[PDB]
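J.: fold the following, please.
(one chain, ligands or ions: 2)
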Amino acid sequence: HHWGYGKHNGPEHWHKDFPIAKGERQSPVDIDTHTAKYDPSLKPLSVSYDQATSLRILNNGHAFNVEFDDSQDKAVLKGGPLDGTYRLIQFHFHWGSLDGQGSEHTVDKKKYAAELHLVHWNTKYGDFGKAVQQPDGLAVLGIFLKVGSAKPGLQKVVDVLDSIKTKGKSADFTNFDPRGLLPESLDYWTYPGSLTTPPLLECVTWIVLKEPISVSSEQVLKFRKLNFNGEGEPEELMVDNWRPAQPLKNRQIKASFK
Ligand SMILES: O=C1NC(=O)[C@@H](c2ccccc2)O1
Ligand SMILES: [Zn+2]
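T.: Numbering: from 1, shown residues only. Ligands and ions are numbered 1, 2, ... in the order given. Below is the structure:
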């Protein structure tokens, strides 16, 4: 598989290796705020990140992943639309070449500069590989980034990026507190969807926060200095690593708020 984000290998081509690309519950989607319905029975959302153990940061040629120790219930998501306990495994971002694009989800067709995905898996399936084969296997917490004031809790990430410029490079990344990347409010929209990259598996409960975080232009500029290529290959800047909105089909987006 040689998928990516270019004219020759980007989202319009994915379907040929991964036919689920045209399936019934693909992500991302546009969130139409006037059509999403408040659902009073959503239970409160529980983000329990106090014992998180970050380990490593990896440029995988598509994004950079901050990986966690998920061998125990250290950092978990519960409540909201979720049944049971979902364990944090990694977070990453999608971003643009310019501040007017980058996010995968859209809000009333608005694109944000970037979007953070905190990926968790349902502990009742035992491991991540099993969980992605189930319709309720994953819960992805999505957080929009807008350009404004700097996010202090992001800066440790931004400063390590020079050490993982190219595909396949990793760095030790211990003691990073993902609580520093959250907005104040946990108001969200939720809907059933998919992974936004190959293999495009229809295994995700999406939880998208309404309130964006603000990052500085300098912060996002540093994201854009990464490379999709490996070391010693032609430089291709890691920008516009986002999949556009997919058809909603037979789905309803629920709001946790009035
Ligand atoms: O929402 C997603 N962002 C992605 O990069 C993709 C994904 C692929 C593989 C593992 C976890 C998530 O799905
Ligand atoms: Zn993602």
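
J.: the residue of the chain found nearest ligand 1: what's it in contact with?
T.: Using C-beta to the nearest ligand atom, the single residue of the chain nearest to ligand 1 is residue 195, 3.6 Å away. To be clear about C-beta, it is placed using only N, CA and C from the backbone, and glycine gets the same treatment. When contacts are counted by C-beta atoms under 8 Å, 6 or more residues apart in numbering, residue 195 is found next to 27, 132, 138, 201, 203-204.

J.: can you tell me which residues contact residue 47?
T.: For residue 47, the contact set (C-beta under 8 Å, 6+ apart) comprises 77, 141, 179, 182, 186.

J.: list the residues that contact the fourth one.
T.: Spelled out, that is residue 182. Counting by C-beta under 8 Å, 6+ apart, residue 182 has contacts 47, 143, 209, 213.

J.: who wins on neighbours among those?
T.: Highest neighbour count within the contacts of residue 182, by other C-beta atoms under 10 Å: residue 143, with 24 neighbours.

J.: and the spatially closest residue to that one that is not a sequence neighbour, what are its bridge partners?
T.: Ranked by C-beta to C-beta, 6 or more residues apart in numbering and with sequence neighbours excluded, the top spatial neighbour of residue 143 is residue 116, at 4.3 Å. When assigned by DSSP bridges, residue 116 has beta-bridge partners residue 93, residue 143.

J.: count of residues packed around residue 116?
T.: 24.

J.: what ranges do the strands span in the stretch 1-150 of the chain?
T.: Remark: strands assigned in the stretch 1-150 of the chain by DSSP state E, counting those that start in this stretch are 30-31, 37-38, 45-48, 54-59, 64-68, 76-79, 86-95, 106-107, 114-122, 138-147.

J.: and the stretch 151-258 of the chain, which of its residues are near ligand 1?
T.: Neighbours of ligand 1 within the stretch 151-258 of the chain, by C-beta under 6 Å from any ligand atom: 195-197.

J.: thanks a lot, see you next time.
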